[PDB]
């Protein structure tokens, strides 16, 4: 029915774009459609949803959802730090870029030997939240959900353990891993059907607390 009534949820979706200069960047192919699906299903089940959106300009804003638009992985981090204290549930569906150019040209780049692009690591927003909650800075946080693309279960359970989040959605082959040792598989169906299985898992996790 409306099991997420009154629940404050913060969702990230899409891929980030790390500028090389004002027009070029490093991007990824994540559509963010799956992240929009969870936000939509959450708003559909009563949650007060805020959505931070990356490279998703051609998607429809989900109904009833407060939209936050970002560009790079660092802008996403700032937006998460800004909105996370108000959330009871955080869903990190963005394909956040793992690295960024070490230098950003303030102008568009233009004849002999090609340059290489030095890289620097971007901050792990999901770990930083897991740490903030463990440091008592996120008293409202009842659920932190991560995503992973990957024996997948070997990599998946190891990644769930390293992130320290409450649930890991891997391949969304597709599985719902709980820190409780629960393993469920995600029947590869529609993005709506998988967004229902995730929120089913979230509402379920919230009740055990």
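The term rigid core refers to the maximal set of C-alpha atoms that superpose within 1.5 Å between the two forms. Residue numbers count along the first chain shown, from 1.
Give, as the answer, the stretch of 51-59 and 179-187 that departs more from the shown form in 7 other deposited structures of this protein; the measure is RMS Cα distance after a core fit. Between the two stretches, 51-59 moves farther in 7 other deposited structures of this protein.
Give yes or no for this: do at least a third of the other compared entries, each modelling residues before and after residue 113, lack coordinates for it? That residue is missing from at least a third of the other compared entries.
Using none, 1 to 3, 4 to 9 or 10 or more, say how many deposited residues go missing between residue 172 and residue 173. In the deposited sequence, 10 or more residues between these two have no coordinates.
111-119 or 130-138, whichever carries the higher mean Cα B-factor: 111-119 has the higher mean C-alpha B-factor.
Mean temperature factor over C-alpha atoms, higher-scoring stretch between 13-21 and 184-192: The stretch with the larger mean CA B-factor is 184-192.
Of the choices 69, 157, 45, 33, which one's C-alpha carries the largest B-factor in the record? In the PDB entry, the greatest C-alpha B-factor among 69, 157, 45, 33 is found at 157.
Looking at the temperature factor on the CA atom of residue 176, which third of the chain's modelled residues does it land in? CA B-factor rank for residue 176: highest third.
Among the chain's modelled residues, which third holds the C-alpha B-factor of residue 51? Its C-alpha B-factor belongs to the lowest third of this chain's values.
Would you check the entry's CA temperature factor for residue 38 and let me know if it's in the chain's lowest, middle or highest third? Its C-alpha B-factor belongs to the lowest third of this chain's values.
State the tercile, meaning the lowest, middle or highest third, of residue 57 with respect to the CA B-factors recorded for its chain. Tercile = highest for this residue's CA B-factor.
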